[PDB]
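First comes the structure, then the notes that go with it.
Each reported figure results from applying straightforward, stated rules to the coordinates on display, with no laboratory input. We place every Cβ from the backbone using ideal geometry, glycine too, and count neighbours over all the protein chains shown.
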There are 2 protein chains.
Amino acid sequence: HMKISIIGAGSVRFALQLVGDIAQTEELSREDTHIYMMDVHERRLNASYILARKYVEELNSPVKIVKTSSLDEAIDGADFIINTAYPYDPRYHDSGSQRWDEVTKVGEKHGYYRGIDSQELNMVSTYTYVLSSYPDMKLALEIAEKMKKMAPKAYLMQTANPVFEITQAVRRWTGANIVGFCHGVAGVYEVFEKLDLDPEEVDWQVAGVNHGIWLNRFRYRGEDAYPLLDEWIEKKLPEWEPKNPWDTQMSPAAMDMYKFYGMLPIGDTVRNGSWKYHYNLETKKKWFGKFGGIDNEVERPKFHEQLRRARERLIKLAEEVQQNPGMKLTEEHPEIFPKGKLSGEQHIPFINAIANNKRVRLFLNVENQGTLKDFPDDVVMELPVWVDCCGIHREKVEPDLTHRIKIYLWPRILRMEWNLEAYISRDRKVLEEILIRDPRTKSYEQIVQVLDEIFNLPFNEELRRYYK
Amino acid sequence: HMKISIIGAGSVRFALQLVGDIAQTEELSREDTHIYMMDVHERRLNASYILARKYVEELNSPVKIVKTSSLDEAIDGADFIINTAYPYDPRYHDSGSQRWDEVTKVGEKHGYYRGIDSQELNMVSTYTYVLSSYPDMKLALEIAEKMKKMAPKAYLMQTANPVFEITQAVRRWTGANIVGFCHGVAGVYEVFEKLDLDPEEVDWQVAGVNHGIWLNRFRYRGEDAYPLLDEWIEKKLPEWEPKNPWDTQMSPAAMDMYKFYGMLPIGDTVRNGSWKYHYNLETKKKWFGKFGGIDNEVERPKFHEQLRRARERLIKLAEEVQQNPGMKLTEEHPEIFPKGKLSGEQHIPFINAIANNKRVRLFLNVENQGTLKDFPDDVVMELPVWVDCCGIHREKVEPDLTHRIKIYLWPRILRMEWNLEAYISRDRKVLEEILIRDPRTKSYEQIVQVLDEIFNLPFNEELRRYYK
Ligand SMILES: [Mn+2]
Ligand SMILES: [Mn+2]
């Protein structure tokens with residue numbers, strides 16, 4: 001009996017990706033594989049459970065799916081616990097994105113463009129919440145302590161953000177068996193495509209911290225391939241255009257960071273430059289192209305609204321399924337319900353590697369343990385690893401990250417430490433010292449005022465009591 | 001034959017302090033002690049040499065004093081080399097303070113209050129010059145390479161700022177036998193005085209980096225003494241007033257840093273808080289008292305002018321000496337020329353410890369070497385040490401610095417690394433990345449403009465060619 005528990009299974013698109021990958025993995029598509037879907041939103045949970053059951057049926061997979069509103073029941077004796085939950089106050093909100101939208105506006109009201117949580121080296125929208133990410137940190141630690149008692153052999157597969165902060169605090173403060181998951185490394189394939197390189201003929205590696213990873217190795221036909229990037233920068237960068245607001249991997253910002261640091265930032269790292277690329281929307285469009293990227297006052301509200309519409313549609317689709325047993329989800333909406341094709345993300349390959357010894361190369365957030373020698377052994381970094389039934393095996397990182405990149409990641413590590421200290425100390429003065437270092441802070445009184453108004457939002461009642 | 005060479009002996013007040021301490025140290029006041037005074041300013045050098053000779057004569061000390069304008073002659077076979085030189089372009093300026101004054105004004109012209117060199121954790125005036133401190137770094141390394149050849153057994157006793165950056169780069173890039181000197185630790189005695197404690201009955205220790213040191217141990221009558229500070233904060237802080245612009249050790253800023261970090265910052269560390277204490281002159285007066293401290297647009301120009309007047313007076317006093325052999329410098333100006341009393345600074349005790357095994361406890365900038373375990377072995381820190389003829393012996397630092405102070409010093413260490421990278425790479429883009437992290441930077445174009453105008457100052461011709 002293998003038990004795979006999805007905490008936050010109302011993330012039904014992500015739930016359906018995980019379910020579909022399991023159902024399409026021969027070693028896991030068995031009667032003895034039990035998938036537990038747990039969520040605090042009953043409508044979303046029900047709808048996700050109906051869609052997952054019908055989906056699995058159309059794939060002719062015999063896995064069992066169980067739904068529950070009990071965190072304890074989902075954790076009890078689980079082999080793998082995937083945390084994709086995004087907490088929210090149900091008295092005021094329907095999903096977590098809403099608390100971040102509203103605090104971001106408050107921040108902008110007080111002169112912080114894109115909110116206080118948008119800082120240098122961390123512009124990724126929704127990554128942290130009021131700096132210390134209290135509700136998301138709280139849930140992960142609660143899961144971690146429950147599983148130390150109820151599931152001591154389980155892996156906690158952390159996907160909800162902040163992955164860096166949460167994986168570090170869990171590891172450090174509970175010793176629970178937590179691993180952080182992010183597929184930002186998938187940006188490399190955009191590089192190979194733009195440079196007309198067969199991905200299978202490229203010898204490559206990335207390393208760093210979450211959303212702070214760099215293409216430390218890039219070789220082709222027995223030689224360094226970066227001169228091929230240099231040629232692309234000269235001849236083709238002038239004509240580059242993003243296909244959508246998320247398309248930044250080959251943007252002027254990415255190449256400007258590569259010029260200074262010596263290696264190419266990969267994936268969401270490109271979103272996390274200095275303020276040079278982010279002072280305002282016009283500056284974002286200069287460095288990221290027509291959309292200004294995804295982390296701005298136009299595109300992010302547009303996207304969160306798209307996700308809300310999708311949640312409502314999936315609830316309605318679940319009702320359609322109950323009314324029309326004969327309909328084929330894979331036929332009517334083949335995008336949402338793909339068939340005969342794995343998603344390509346790392347969660348199910350990880351599970352199949354640990355349990356069934358299907359060895360695979362992944363990029364995961366684990367303790368450094370001397371892999372990057374100029375960083376502490378206990379700091380959680382995003383590293384290239386091979387996973388099998390004997391656990392996680394860190395690759396040697398070669399070539400080493402450049403000196404300049406090392407003194408780029410150290411500040412991001414220190415920001416993590418200040419964020420953890422702000423959480424564990426319950427001390428509002430720590431949040432004030434974080435913002436006194438913010439370039440947008442003009443005065444100390446500005447810091448108190450913006451934090452005051454944030455804490456006084458009705459849905460931040462628990463946060464306010466935590467720091468009081 | 002012991003040879004003590006003062007590079008920059010035109011710092012005649014500092015030269016006279018060093019000369020007077022030697023002349024009043026029994027083990028060093030000998031015929032075989034040769035003091036070499038070297039400086040590029042002939043008038044200042046001559047005047048310093050005349051005053052030093054007459055001074056030594058009135059102390060009945062037989063030490064030999066030699067003046068030279070040759071750096072090589074001063075370094076050749078020296079046992080100790082004290083670097084107090086402050087370079088300047090003689091085509092435009094008469095002393096080094098002038099290049100810092102003029103670049104600071106340019107910075108303020110472009111919206112950087114107190115100049116680009118005034119950054120968080122480094123508000124100390126004149127500490128760095130255009131971030132990377134090119135002329136001061138250049139001289140120290142030139143001395144370091146000359147002495148590796150001409151004086152392989154010598155100690156380079158670095159006193160010119162930036163002490164942290166220069167001691168680190170010399171150690172790292174040349175392996176020369178450099179030790180950094182700063183007496184900021186003397187602030188502890190202000191604490192003992194305000195709290196009515198006999199200094200000899202206090203068990204105390206400080207540690208950190210240069211201008212980043214903290215009173216990690218403070219005990220009295222077999223117990224922690226910090227509760228005595230707490231009582232002083234409650235009953236006496238409201239009525240505290242600075243005696244002069246340099247008096248900040250017991251200021252509201254110092255106590256506000258102590259509240260957050262858990263230990264008291266000592267000496268010039270109190271000048272180096274966050275921008276909380278430094279946004280403008282009115283804010284400086286709130287946190288430092290009536291004068292706003294010494295690092296502001298009123299008090300610093302007032303002080304540099306006082307030093308200029310003093311240089312002119314000492315030149316004129318030297319002429320008086322030549323005209324009136326019978327006058328007694330110790331009688332007419334006993335402040336400048338004290339008798340029967342050591343200065344209390346660390347340079348001559350250090351020399352007497354190394355050469356004559358007079359063991360003494362000092363606070364010096366040396367490689368960590370595991371003393372503070374959460375920092376690299378090779379990073380130069382300001383540490384409590386015992387010095388004897390067997391060299392430098394680091395005390396165990398106990399109690400350890402607090403967690404919050406550790407994540408305060410790490411950013412200052414990283415700033416040092418960025419400053420060194422800006423120097424060695426000769427890359428103006430590095431200075432631009434430093435300022436993009438500055439809270440006062442509003443745009444990227446602002447950075448280029450302020451650096452452009454700084455580099456284009458006539459006296460920065462060498463700096464401009466270095467970075468071109
Ligand atoms: Mn991610
Ligand atoms: Mn100093």
Checklist entry - Within 10 Å of each Cβ of A:254-264, how many other protein chain Cβ atoms are there on average? => result 1
Next on the checklist: For the pairs B:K67/B:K358; A:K406/B:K406; A:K105/A:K442; A:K286/B:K109; A:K194/A:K243, flag any whose C-alpha to C-alpha distance is greater than 22 Å.
Outcome noted: B:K67/B:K358; A:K286/B:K109
Item to check | Considering only chain A, percent of DSSP beta bridges that pair antiparallel, nearest 5 | outcome: 55 percent
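What FRET efficiency do you get for B:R43 and B:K339 if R0 is 22 Å and r is their Cβ-Cβ distance, rounded to the nearest 0.05?
It comes out at approximately 0.25.
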Checklist entry - Taking neighbour Cβ counts within 10 Å as the exposure measure, how do A:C182, A:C390 sort from fewest upward? => result A:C390, A:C182
Checklist outcome for this item: Summed over the other residues with a beta carbon less than 15 angstrom from that of A:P199, with K and R at +1 and D and E at -1, the charge totals -2
Item to check | Relative contact order, percent, chain B [alpha-carbon distance under 8 Å, six or more residues apart] | outcome: 17 percent
Checklist outcome for this item: Between A:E395 and A:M150, Cβ-based FRET efficiency (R0 30 Å, step 0.05) works out to 0.35
Next on the checklist: Within 10 Å, Cβ to Cβ, of B:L451, how many net charges do the neighbouring residues add up to if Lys/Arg are +1 and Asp/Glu are -1?
Outcome noted: -2
Checklist entry - Points 7 angstrom from Cα along the Cβ direction at B:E58 and B:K236: gap in nanometres? => result 3.6 nm
Item to check | Estimated FRET transfer efficiency (A:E193, A:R465; beta-carbon r; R0 41 Å; 0.05) | outcome: 0.25
Item to check | Contact order normalised by residue count of region B:203-338, Cα under 8 Å, 6+ apart, percent | outcome: 19 percent
Next on the checklist: Students often get this wrong: which residues of region B:438-452 have the backbone nitrogen under 13 Å from the point 7 angstrom along Cα-to-C-beta of A:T283?
Outcome noted: B:438-448
Checklist outcome for this item: So, relative contact order of region A:1-80 in percent, Cα under 8 Å, 6 or more apart, is 42 percent
Next on the checklist: Once each part is reduced to its C-alpha centroid, what is the distance from region A:394-426 to region B:244-298 in angstrom?
Outcome noted: 30 Å
Checklist entry - Taking the axis that carries chain A onto chain B, what is the nearest Cβ in chain A, and at how many Å, to the whole number? => result A:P439, 2
Checklist entry - By its C-alpha gyration tensor, with a ≥ b ≥ c as the square roots of the eigenvalues, how is chain A shaped: rounded for a/c under 1.5, else prolate for a/b larger than b/c, else oblate? => result rounded
Checklist entry - What is the average number of partner chain Cβ atoms found within 10 Å of a Cβ in A:408-417? => result 3
Checklist entry - How well do other chains shield peptide A:436-443, expressed as the mean number of their Cβ atoms within 10 Å of each residue Cβ? => result 5
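With n ≥ 4 as the cut-off for DSSP H runs, can you work out [θ] at 222 nm for the protein assembly as shown, using -39500 (n - 2.57) per run divided by the number of residues, rounded to the nearest 500?
For the protein assembly as shown, the value works out to -13000 deg cm²/dmol.
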Checklist entry - Which of B:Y127, B:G107, A:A154 sits farthest toward the positive end of the charge dipole of the protein assembly as shown, with +1 on the Cβ of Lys and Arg and -1 on the Cβ of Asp and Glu? => result B:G107
Checklist outcome for this item: per DSSP, antiparallel bridges as share of beta bridges in the protein assembly as shown, % nearest 5, sits at 55 percent
Checklist outcome for this item: The farthest towards the positive end of the charge dipole of the protein assembly as shown, of the residues A:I75, B:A169, A:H211, given +1 on Cβ of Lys and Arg and -1 on Cβ of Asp and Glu, is A:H211
Item to check | Estimated dipole of chain B in Debye, rounded to 20 [Cβ of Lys and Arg +1, of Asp and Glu -1, Cα centre] | outcome: 720 debye
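So what's the net charge close to A:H110: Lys and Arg +1, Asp and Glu -1, counting the other residues with Cβ under 11 Å from its Cβ? Kindly include the intermediate steps, with their values, before the conclusion.
Working: positive: A:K105, A:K109, A:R440, A:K442; negative: A:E108, A:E445, A:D452, A:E453.
Here the charged neighbours net out to 0.
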